[PDB]
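>
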Ligand SMILES: Nc1ccn([C@H]2C[C@H](O)[C@@H](COP(=O)(O)O)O2)c(=O)n1
Ligand SMILES: Nc1ccn([C@H]2C[C@H](O)[C@@H](COP(=O)(O)O)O2)c(=O)n1
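Dropping the structure here:
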């Protein structure tokens, strides 16, 4: 079945992975260097052995395609994937007047009544961002995030390059170019960056009338991170090919540090006992073309029957 | 034997590769997405089925490590790997007064007496660069080349970042970092770059006391390019590990567009009839540590017995 490569990656780390202490401090099992490919002509690589929220995947993707970096857009789409980063700056800043929302990321998970306090302050910040234009502009803009990297790279001479935009035109005029690259790694920002991009860089390739994309991910959370990632980039591969009028080829996922957090072992072993179901089908609005103008109703995921979801603690 | 992966890549392209027209215009057979690893603890991955000039590999590598971008250094090391690029600017410029060295890259290979004229003008330029300080500074500096990318990345606010330098310190203090990346791809230079970097970006990894490096190469000439590349980066992996006091792990080569030029088919098939010999051994000067201060006598390649060299036309 289409998702097998992922299952084999999980098995692999679990069997051949060596223990490696980590940044967050909850040790991992890791392998360095891995590559797996999915033939997008067979279906959409959205995991069926575990429920994955596609809606969160696309709203976040459209956010990137708009070159948007403001959390407000996601919020009106009920996506809260990036709230924490915005909250971080806000809480550790002048205006924040309230409880000790310091180190909230761990203390919340721990157990205290603090969870309510945190979740409340967050709920608060979230409403401000969504209605207070000055606040949104001040605390909701994350700045250097995938949207600005892909669509507004900062030139040395104070300007803006739309990488992804330029790359799409290239695929249209010079489909056989070996230079169709989009990079998110900027040497000058990473030294003091919150979380340097995990999806470091990707490359397009055209031949036989099919489009393929290869992503280089410096670091990956096999359990929590990879599933979303495979889908997000498989979606991109479809969108661009829809714009360029090409057929979809494969999606190739190359890893640097592929890893499984020790406290995800039971959960991953739960997944491994399940057997894949037929891959779901994706269909884009046949009318619309300029993917930048794409809207959520323009993307559909036909018949997806996944096993229930599996819960597991986040590590940051 | 250690070099088998390369042989399997060549077989693979030759058997499974699809034809793809190319930039230079001498069609290729290509595959998209490939990864191969070499266990550096077994020997040095310098091809034995075909003679590869190691001396050219290291003089070019030391040139990179010095953050040097001037052709003069290589010339005093009898390395002429980058002369063409320097000649290009020089010939198509004010001062050049002489024959029609225009489009020299093809006309030279073709057959005319021109080869002598070209080779003479080149021989001329080469002597100027090596002795005329004003000329060297004007026409010998290539500018944006691996040396400046690795060791003097240009900040937006007009400054210089020594990526590789910083990364080595990181490996020394935070060996388990998943952010040990060195990128050569700058979105603002590639639009109007002669030849955007093929060795796009690499990543370091440490665990078990061994250092590993993974290189992402957007485009590769299996026949002429890959052999050198594998060695150059295997050398780097040894040097850095010598500085950091780590044991050597593997070298992982990830490709984007792995390709074989149609006019290299016979030659590659020559190689494929040979059987690998034991991998050579590399040993660095045990005294010296700051690799930046490394000199050629500080690197040695013990017992390398390759089959003769194979000749093949260059395509640019
Ligand atoms: N889109 C993302 C973002 C993060 N991570 C993971 C990678 C690491 O597990 C951790 C980030 O830590 P580090 O900077 O050390 O890689 O989160 C991931 O798998 N996918
Ligand atoms: N160090 C290098 C430099 C170049 N090439 C090859 C890659 C392509 O075959 C051609 C450059 O063309 P392009 O820009 O289209 O990739 O030269 C290579 O294999 N290794």
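Protein chains in written order, with the numbering used here: chain A, 5 to 320; chain B, 5 to 320. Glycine included, every Cβ here is placed at the ideal spot set by N, Cα and C.
(1) Is the closest heavy atom of ligand 1 to the C-beta of residue 213 of chain B under 7 Å?
(2) Using a C-beta to C-beta distance shorter than 8 Å, which residues of chain B count as neighbours of residue 256 of chain A?
(3) Using Cβ-Cβ distances below 8 Å, what residues of the segment 203-220 of chain B are close to chain A?
(4) Assuming contact is defined by CB atoms lying nearer than 8 Å, are residue 50 of chain A and residue 305 of chain A in contact in what I supplied?
(5) Of all the residues that make up the segment 175-191 of chain A, which are near chain B by a beta-carbon distance shorter than 7 Å?
(6) Any chance you could list the residues with Cβ under 5 Å from a heavy atom of ligand 1, keeping chain order?
(7) Can you look up residue 40 of chain B in the DSSP assignment and give me helix, strand or coil?
(8) Report yes if the C-beta distance between residue 152 of chain A and residue 162 of chain B is below 8 Å; otherwise report no.
(9) Just tell me which of A:191, A:181, A:119 has its CA closest to the CA of residue 29 of chain B.
(10) With C-beta atoms as the reference, is residue 47 of chain A less than 8 Å away from residue 283 of chain A?
(11) So what does DSSP say about residue 20 of chain B, is it helix, strand or coil?
(12) For residue 254 of chain B, which three-state DSSP category applies?
(13) Note down, in chain order, all residues in the segment 76-99 of chain A with a beta-carbon under 9 Å from any beta-carbon belonging to chain B.
(14) Rounded to the nearest angstrom, what separates residue 131 of chain A and residue 249 of chain B at their Cα positions?
(15) In chain order, what residues of the same chain lie with their CB nearer than 6 Å to the CB of residue 25 of chain B, ignoring the 5 residues before and after it?
(16) Among residues of its own chain, excluding the 5 on either side of residue 81 of chain A, which ones have a beta-carbon nearer than 7 Å to its beta-carbon?
(17) Taking 8 Å as the threshold (C-beta atoms), are residue 221 of chain B and residue 260 of chain A in contact?
(18) Between residue 104 of chain A and chain B, is any beta-carbon pair separated by less than 8 Å?
(19) Whose Cβ in chain B lies nearer than 8 Å to the Cβ of residue 158 of chain A?
(20) If you run the structure through DSSP and keep just helix, strand and coil, what is residue 1 of chain B?
(21) For residue 262 of chain B, which residues does DSSP report across the bridge?
(22) Suppose the cutoff is 6 Å on Cβ atoms and the five residues either side in sequence are ignored; what does the same chain contact list for residue 295 of chain A look like?
(23) Please check if any C-beta of chain B sits within less than 8 Å of the C-beta of residue 261 of chain A.
(24) Taking the straight line between their C-alpha atoms, what separation do you get for residue 39 of chain A and residue 42 of chain B?
(25) I'd like to check one pair, residue 148 of chain A with residue 76 of chain A: are the Cβ atoms closer than 8 Å?
(26) State the DSSP-derived secondary structure class of residue 206 of chain A, mapped to helix, strand or coil.
(27) Are the C-beta atoms of residue 223 of chain A and some chain B residue less than 8 Å apart?
(28) In the DSSP assignment, find the unbroken beta strand (DSSP E) run with residue 185 of chain A in it and report its ends.
(29) In whole angstroms, give me the CA-to-CA distance for residue 139 of chain A and residue 205 of chain A.
(30) Between residue 8 of chain A and chain B, is there a C-beta pair that is closer than 8 Å?
(31) What residues of chain A sit near residue 405 of chain B, judged by a beta carbon separation below 9 Å?
(32) CB-CB under 7 Å to residue 103 of chain A, same chain, minus the five flanking residues each way: which ones, in chain order?
(33) With DSSP run on the structure shown, which of helix, strand or coil describes residue 80 of chain B?
(34) At a CB-CB cut-off below 7 Å, which residues of chain B make contact with residue 200 of chain A?
(35) Could you give the distance in angstroms between the alpha-carbon of residue 224 of chain B and the alpha-carbon of residue 166 of chain A?
This is what the structure gives:
(1) Not one heavy atom of ligand 1 lies closer than 7 Å to the C-beta of residue 213 of chain B.
(2) What residue 256 of chain A touches in chain B: 36, 37.
(3) Those would be 204, 205, 207, 209, 211, 212, 216, 218, 220, in chain order.
(4) Cβ distance < 8 Å, so residue 50 of chain A and residue 305 of chain A count as in contact.
(5) So the close ones are 180, 182, 183, 185, 187, 189, 191.
(6) Taken from the N-terminal end onward, the list reads A:27, A:202, A:223, A:224, A:225, A:229, B:182.
(7) Three-state DSSP puts residue 40 of chain B in a strand.
(8) Contact: no.
(9) From the listed residues A:191, A:181, A:119, the smallest Cα separation to residue 29 of chain B is found for A:181.
(10) The answer is yes: Cβ separation under 8 Å.
(11) The DSSP-derived three-state label of residue 20 of chain B is helix.
(12) Residue 254 of chain B carries a strand assignment under DSSP once its states are collapsed to helix, strand and coil.
(13) Listed by position, the residues of the segment 76-99 of chain A near chain B (Cβ gap below 9 Å) amount to none.
(14) Their Cα atoms are separated by approximately 52 Å.
(15) Around residue 25 of chain B: 31.
(16) So the qualifying residues of the chain are 63.
(17) Contact flag unset, no.
(18) It does not: the Cβ of residue 104 of chain A has no partner Cβ on chain B nearer than 8 Å.
(19) Result: 160.
(20) No answer is possible for residue 1 of chain B: it lies beyond the span of chain B, which begins at 5 and ends at 320.
(21) For residue 262 of chain B, which the question treats as bridged, DSSP gives the partners B:35, B:224.
(22) For residue 295 of chain A, the CB contacts under 6 Å within the same chain, skipping 5 residues up- and downstream, are 243, 247 in chain order.
(23) Yes, residue 261 of chain A counts as interfacial toward chain B.
(24) Straight-line measurement puts the Cα of residue 42 of chain B at about 15 Å from the Cα of residue 39 of chain A.
(25) Taking 8 Å as the cut-off, the Cβ atoms of residue 76 of chain A and residue 148 of chain A do not count as close.
(26) Three-state DSSP puts residue 206 of chain A in a strand.
(27) Yes, contact with chain B.
(28) Taken as a continuous stretch (DSSP letters only), the beta strand (DSSP E) holding residue 185 of chain A covers 185-187.
(29) When rounded, the distance between both Cα atoms is 32 Å.
(30) So, not an interface residue.
(31) Missing from the structure shown is residue 405 of chain B; chain B here goes from 5 to 320 and no further.
(32) Here the set comprises 121, 125.
(33) Reduced to three states, the DSSP call for residue 80 of chain B is coil.
(34) Neighbours of residue 200 of chain A in chain B, taken as residues whose beta carbon is under 7 Å from its own, are 183 in chain order.
(35) Approximately 26 Å between the Cα atoms of the pair.
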